[PDB]
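Scroll down for the structure; my scribbles are underneath it.
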2 protein chains.
Amino acid sequence: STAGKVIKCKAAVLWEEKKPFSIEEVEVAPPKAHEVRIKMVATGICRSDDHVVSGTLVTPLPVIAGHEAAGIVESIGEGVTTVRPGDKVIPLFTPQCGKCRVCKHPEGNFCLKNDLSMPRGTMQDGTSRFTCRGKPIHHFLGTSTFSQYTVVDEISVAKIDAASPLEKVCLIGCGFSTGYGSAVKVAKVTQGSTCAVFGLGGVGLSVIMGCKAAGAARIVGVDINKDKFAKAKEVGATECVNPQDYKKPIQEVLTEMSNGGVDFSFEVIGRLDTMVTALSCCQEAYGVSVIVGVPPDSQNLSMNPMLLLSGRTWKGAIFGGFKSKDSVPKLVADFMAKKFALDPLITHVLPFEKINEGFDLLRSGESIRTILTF
Amino acid sequence: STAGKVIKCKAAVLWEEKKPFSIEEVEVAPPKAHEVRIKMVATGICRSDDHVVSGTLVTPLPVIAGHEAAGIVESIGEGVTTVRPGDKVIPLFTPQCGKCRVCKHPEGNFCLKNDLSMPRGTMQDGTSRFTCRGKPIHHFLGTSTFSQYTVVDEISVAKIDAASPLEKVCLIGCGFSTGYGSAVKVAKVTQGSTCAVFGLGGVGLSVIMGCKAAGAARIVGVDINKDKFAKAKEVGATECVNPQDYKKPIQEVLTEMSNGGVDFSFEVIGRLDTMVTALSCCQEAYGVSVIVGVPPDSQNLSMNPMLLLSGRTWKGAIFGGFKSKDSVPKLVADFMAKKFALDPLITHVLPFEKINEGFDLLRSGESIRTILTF
Ligand SMILES: NC(=O)c1c[n+]([C@@H]2O[C@H](COP(=O)([O-])OP(=O)([O-])OC[C@H]3O[C@@H](n4cnc5c(N)[nH+]cnc54)[C@H](O)[C@@H]3O)[C@@H](O)[C@H]2O)ccc1-n1cccn1
Ligand SMILES: NC(=O)c1c[n+]([C@@H]2O[C@H](COP(=O)([O-])OP(=O)([O-])OC[C@H]3O[C@@H](n4cnc5c(N)[nH+]cnc54)[C@H](O)[C@@H]3O)[C@@H](O)[C@H]2O)ccc1-n1cccn1
Ligand SMILES: [Zn+2]
Ligand SMILES: [Zn+2]
Ligand SMILES: [Zn+2]
Ligand SMILES: [Zn+2]
C-alpha cells in the first residue's frame with residue numbers, strides 16, 4: 001500500500017557546499033517505467049560523498065548524496081525484470097546498461113549511462129524523484145542513498161543474496177569493490193610482486209586486501225596519518241611509511257626500498273601530486289600505476305612523459321573495473337562464502353540520524369568506514 | 001689486418017648542436033674485453049638522431065650519433081662469445097645485458113645498462129673509443145653508427161642472418177621494430193579494432209604495419225603533412241586526417257569518427273600536445289594510448305587525470321618493447337621469410353658522405369627513411 005504513491009520520509013539533504021547535511025522530510029515519487037524504489041537499510045560514508053560537500057567532486061546542488069549502500073525493494077516500475085519487491089539490493093553508482101559499447105566490451109565497466117563524468121544529478125530520464133520543502137532535489141550518481149527511500153534506474157541496481165547481512169555488504173557497493181578490483185582486476189597484481197598503496201582509508205585497505213589475495217610478497221602502505229598503519233598491517237601491508245618522516249621525496253624512498261621501483265603502485269587519495277609520485281615510484285620499464293583517488297574538480301596534473309616512454313603503464317578505474325550488475329551479486333556470494341572480510345573496514349556504526357557525526361569521524365581521520373543504519 | 005690496431009677512418013662528427021655533421025677522419029681504438037668492433041655497411045637517419053642536433057634530446061657533445069644500422073664484425077675483444085669476425089650484426093641502442101631486473105622480467109626491455117635515461121656517451125666502462133683531431137668524442141646510445149667503424153659493448157650487438165640485406169635490415173635496428181612492436185607488443189592491438197596513429201614518418205608507418213598485421217579493422221593516420229598520406233594508406237591506413245583541415249580539435253574529430261573513441265592510439269611524433277590528444281582520443285573506459293615519440297628535454301605535459309580514472313591505459317615504450325638481443329635476429333629472420341616489408345619505409349639511398357643532405361630531406365618533410373651506405 002505505498003506502491004504507486006509518493007512516500008514521505010527522512011533524507012539527508014545537502015543544500016550548500018561546506019555545510020552539514022540536513023536531516024529532514026522529503027517526498028519520494030513512485031518509480032516510473034524501468035525504475036526501482038528501495039527502502040534503505042544501511043549506507044556507508046565514502047570519501048567521495050565528502051568530496052560533494054567540499055566541492056572536490058562537482059555535482060549539482062541541492063542533492064541527496066550517498067552511493068555505498070544496501071536495502072530492500074519497496075516497489076518496481078513498469079517493465080522491471082531483474083528485481084522484485086522484497087529483494088535485497090545494492091544500488092550501482094556505476095550502472096550496467098548492458099547495451100553500450102563499454103558494457104559490451106570484455107574489459108570495460110564505465111558504462112556510458114553513468115552520471116560521474118559530467119554529472120547532471122538526475123534519473124536516466126533527466127528528472128528527479130525527490131522534493132524537499134516543495135523544491136526539486138538532485139540525485140547523486142543515480143543512487144542517492146542518504147535517504148530512507150530512494151528511486152534508481154533498473155540499470156543502477158543489483159539483486160543480491162536474500163540472506164545477505166546488509167549492514168556489511170553495503171561496502172560492496174563502493175569501497176571494498178573499488179579497492180579490491182583495482183588490485184585484482186585493473187592492476188592484475190602478480191604473485192611475488194611488490195606493491196605500494198598510497199592512502200590507507202577504506203578504499204586503500206581494500207587495495208591491500210586485493211594485493212594480498214593476488215599473492216604479493218611486499219605491500220607498502222603509504223599514509224601521512226600513522227594511525228592508519230596498524231589496520232593496514234592487519235589486512236596485509238608488510239610495512240608502512242609516512243612521507244613526513246623522510247627528507248627525500250617518497251618516490252625516491254620507495255624506489256630504494258624496492259631496489260629500483262615497485263611492480264604495482266596505487267594512488268588511493270585523490271591528490272595530483274601523489275598521482276605523479278605513485279607513477280614515478282613504479283619500476284620505469286615494467287611498472288604499473290593505477291589511479292583510484294578522485295582528483296579536485298577540473299585540475300590538471302603536470303608530469304614528464306619520459307616516465308611513460310621508458311615502459312611504465314598508467315591507468316585508472318572506477319569501481320575497481322568491475323562490471324557492476326554482473327559483479328556485485330557475485331561479490332556478495334563470495335563474501336557469504338568467506339572469500340574476503342568486510343569487518344576490518346568497519347570502524348564505527350551510527351544511526352542515519354547521526355550522519356553528520358559520521359562525517360566528522362571521517363574528516364578527523366578517526367574512521368575508516370562508518371556504516372549508517374536506517 | 002686491422003685487428004688489435006687503431007683504425008683511422010671516416011665518421012660524421014657532431015661538434016655542437018644545430019650545426020651540420022662534420023665528415024672527417026677519426027681514430028677508432030680496438031675493442032677491449034667484451035667489446036666488438038664493427039665495419040658499418042648501412043645506417044638509417046632516424047628522427048632521434050636529428051633530436052641530438054636540435055637539442056631536443058640531450059646527450060654529451062661532441063658525439064658520433066647514429067643508432068639504426070647494420071655492418072660486419074671486424075674484430076672482437078677477449079671474452080666475446082656471441083659474435084665473431086665476419087658476422088653480420090645490428091647494433092642495439094637498447095642493450096640486453098641479460099642480468100638486470102628488467103632483462104629478467106618477462107615484459108621489460110629497457111635494460112638498466114642503457115645510455116638513454118641519463119646519457120653518458122661512453123662505452124659501458126665509462127670511456128670512449130673515438131678520437132678526432134686529438135679530442136675524445138662521445139658515443140651515442142652505445143652504438144655510434146655514423147662512422148665507417150664503431151666499437152660496441154657485446155650486450156649492444158646482435159648477430160643476424162649471414163644472407164641479410166644490410167641496406168634494408170638496418171631499419172630493424174630502430175624504426176621498423178620500434179613502430180611495429182609498439183602496435184603488436186606494447187599496445188597489443190586486437191583484431192577488428194580501431195587505431196589512430198599520430199605521425200606518419202618511418203616509425204608511424206611501422207606502427208601502421210603492426211596495427212594491420214594485428215588485424216585492426218580501421219587505422220586512422222594523423223599528420224599535418226598531407227604528403228605523408230599516400231604511403232600511410234599503402235601500408236594500411238584506412239583513412240588519413242590532417243588536423244589543420246578541421247575547425248575542431250582533432251581528438252574531437254577522432255572521437256566522433258570512431259563513434260566514441262578509438263581502441264588504440266599512438267603518439268609517434270614527440271610533442272607534448274599530441275601525447276595528450278592521443279590519450280584523449282582513445283575510448284575513455286577501455287582505450288589504450290602508447291607514447292612512442294621522444295619529447296623535448298625536460299618539459300612536462302599537463303593533463304586531467306579524469307582521462308585515466310574513467311579507465312584509459314597510457315603507456316610508452318622504447319624500441320617497441322622488444323628485448324633487443326633476443327628479438328633483432330628473429331625480426332631479421334621473419335623479414336627474410338617475407339613476414340613484413342621494409343621497402344615502403346625507404347625513400348632515399350645516399351652515400352654516407354651525403355649525411356647532411358639526408359638530414360635536410362628529413363627536416364624538409366620530403367623523406368621517410370634515408371639509408372646511408374658506406
Ligand atoms: N575510483 C573509484 O571508483 C573511487 C574512488 N574513490 C576515491 O578514493 C579516495 C580514497 O577514498 P577513501 O579510502 O574513502 O578515503 P579516505 O578514508 O579519506 O582515505 C584517504 C587516505 O589518504 C591519506 N592521505 C591524505 N593525504 C595524503 C598524502 N598527501 N599522502 C599520503 N596519504 C595521504 C589519508 O590520511 C587517508 O587515510 C578518495 O579520493 C575517493 O573519492 C573512492 C571510491 C570510488 N568512488 C568513486 C565515486 C564514488 N566513490
Ligand atoms: N620510442 C622509441 O624507441 C623511439 C622513438 N622515436 C621517436 O619517434 C618519433 C617519430 O620518429 P620518425 O618517424 O623517425 O620521425 P619523423 O619521420 O619526423 O616523423 C614524424 C611525423 O610527425 C609529423 N608531425 C609533426 N608535427 C605534427 C603534428 N603536430 N601533428 C601530427 N603530425 C605531426 C611529421 O609531419 C612527420 O611525418 C620521434 O620523436 C623520434 O625521436 C623514434 C625511434 C625510437 N628511438 C629512440 C631512441 C632512438 N630512436
Ligand atoms: Zn552501458
Ligand atoms: Zn565511493
Ligand atoms: Zn639488462
Ligand atoms: Zn631511432
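Residue numbers start from 1 in every chain, and the chains themselves are labelled A, B, ... in the order their sequence lines are given, proteins ahead of strands.
In the displayed structure, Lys188(B) atom NZ is contacted under 6.0 Å by more than 12 heavy atoms of other residues, nucleotides or ligands. At most 12 heavy atoms of other shown residues, nucleotides or ligands fall within 6.0 angstrom of atom NZ in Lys354(B).
A donor-acceptor contact shorter than 3.5 Å is absent between the side chain of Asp334(B) and the backbone of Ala337(B). No donor-acceptor distance shorter than 3.5 angstrom exists from the side chain of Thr43(B) to the backbone of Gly66(B), with no hydrogens or angles considered. Here the side chain of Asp115(B) pairs a donor or acceptor atom with the backbone of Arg120(B) at under 3.5 angstrom. Listed for the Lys88(B) side chain is a donor-acceptor partner under 3.5 Å among the backbone atoms of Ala162(B). Between the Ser193(B) side chain and the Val189(B) main chain, no donor and acceptor come within less than 3.5 Å of each other. Under the 3.5 Å distance criterion, the side-chain polar atoms of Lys323(B) are matched with a main-chain donor or acceptor of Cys103(B). Put simply, the side chain of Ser128(B) gets close to the backbone of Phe130(B): a donor and an acceptor are under 3.5 Å apart. A distance-only check finds a donor-acceptor pair linking the side chain of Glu267(B) to the backbone of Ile269(B) [under 3.5 Å]. In this structure, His138(B) contributes its side chain and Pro62(B) its backbone to a donor-acceptor pair below 3.5 Å.
Using a 4.5 Å heavy-atom cutoff, the side chains of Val28(B) and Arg37(B) are in contact. At a threshold of 4.5 Å between non-hydrogen side-chain atoms, the residues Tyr180(B) and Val207(B) do not count as touching.
In this structure, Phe335(B) has its ring center no closer than 6.0 Å to that of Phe176(B). Here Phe266(B) and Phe198(B) keep their ring centres 6.0 angstrom or further from each other.
Remark: of the listed residues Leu205(B), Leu361(B), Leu200(B), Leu205(B) is the sole one forming a side chain to side chain contact (heavy atoms under 4.5 Å, CB included) with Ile368(B).
The aromatic rings of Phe319(B) and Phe93(B) stand perpendicular to each other, their planes meeting at an angle above 60°, with 30° marking the opposite boundary. Between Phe146(B) and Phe21(B), the angle of the ring planes goes over 60°, which puts this pair in the perpendicular group of the 30/60° scheme.
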Would you be so kind as to tabulate the donor-acceptor pairs closer than 3.5 Å made by side chains of residues 289-299 of chain B, with sequence neighbours excluded?
unit_1	atom_1	unit_2	atom_2	d
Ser289(B)	OG	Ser265(B)	OG	2.8

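A salt bridge is defined here as a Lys NZ or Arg NE, NH1 or NH2 lying under 4.0 Å from an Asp or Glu carboxylate O, and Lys10(B) with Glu353(B) meets this definition.
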- [ ] Could you walk me through whether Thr145(B) and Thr143(B) pass side-chain hydrogen bond (donor to acceptor under 3.5 Å, both in side chains), step by step?
- [x] CA-CA 6 Å; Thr145(B) 67; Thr143(B) 58; 5.4 Å; no
